[PDB]
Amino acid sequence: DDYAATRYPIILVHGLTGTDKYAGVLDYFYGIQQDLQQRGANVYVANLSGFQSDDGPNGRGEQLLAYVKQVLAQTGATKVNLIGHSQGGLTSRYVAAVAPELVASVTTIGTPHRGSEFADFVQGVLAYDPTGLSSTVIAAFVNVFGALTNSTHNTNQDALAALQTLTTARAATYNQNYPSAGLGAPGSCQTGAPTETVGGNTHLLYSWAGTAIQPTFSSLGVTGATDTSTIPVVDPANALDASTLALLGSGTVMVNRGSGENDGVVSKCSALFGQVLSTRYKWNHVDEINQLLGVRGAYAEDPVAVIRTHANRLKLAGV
């Protein structure tokens, strides 16, 4: 049908580690492009560096800008709708700021607009490196993974730059460099406006967040956490998707670093942008993109349906 048939093409924009198709065979947005296309959407999936900053000449922002231009040339469209997961939301903001005339809307899903306490932790660990050797080797493992799994074997991979980009201090600088009316004041844990107009160009702004990881008890400087996406103990997702227990673990570190409710790597507060559609989804960070391979806890919403409904929302809004 035409339920998801927006006026302007949709570009899905992956985050950290990503590519359009891992090893050319596994979609980052698992099941989603196919679903949208069945419902009449014109959908493209960007293929960017899995590991990079968003700004800078070699960063993901300029990569996405180039891809946007290709999509416009291919389709004859004047603008695109950007839907970004995680760091892809930051990349989408970059393009909306530097080429506002090419963008109709920016939607961010689990995007660390204010950075990640987990990134701060990892960076803090590497700060103890006396020489840079350990850091260089760690980065090399990650960079190799990026080049190996990128669908076109993109070798523009910089794990240390990516890490820095997702820290809270760097994200604050990014927001000063690339402001948006969609952002609330730093420190407020509030969202901004549902639209922006930039250089004569209006953008509709949206976001949602996953908050599977919830703080529980608090005693003597220790905070507990629970994964509300899963049946306690014996949810199939604990067995069949390694990311489930992993993101509970990272999410527990996060709550102990003052994050509050989170998806395993991004806090609710960090994810707030534009019109906040919901922050209540019982999703960890990769459930938001229907990963791994469609495996989700029993209490998780269906992200395929959520994104489909959003495509319809965009259509109704005139983009």
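Note that residue numbering begins at 1 and tracks the sequence as displayed.
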- [ ] Report the stretch with the higher mean CA temperature factor, choosing between 174 to 182 and 70 to 78 on the basis of the entry.
- [x] 70 to 78
- [ ] Please work out which of 124 to 132 and 103 to 111 has the higher mean CA B-factor as recorded in the PDB entry.
- [x] 124 to 132
Task: Selection by C-alpha B-factor (highest) of 83, 138, 247, 209 - done: 138
Task: Most elevated Cα B-factor in the entry, residues 116, 92, 228, 197 - done: 197
Task: Ranked against its chain, the third holding the CA B-factor of residue 43 - done: highest
Task: Third assignment of residue 35 from its chain's C-alpha B-factors - done: highest
- [ ] Rank-wise, by C-alpha B-factor, drop residue 288 into the lowest, middle or highest third of its chain.
- [x] lowest
Task: Chain-wide C-alpha B factor ranking for residue 58, given as lowest, middle or highest third - done: highest
Task: Modelled-residue ranking by C-alpha temperature factor, third containing residue 234 - done: highest
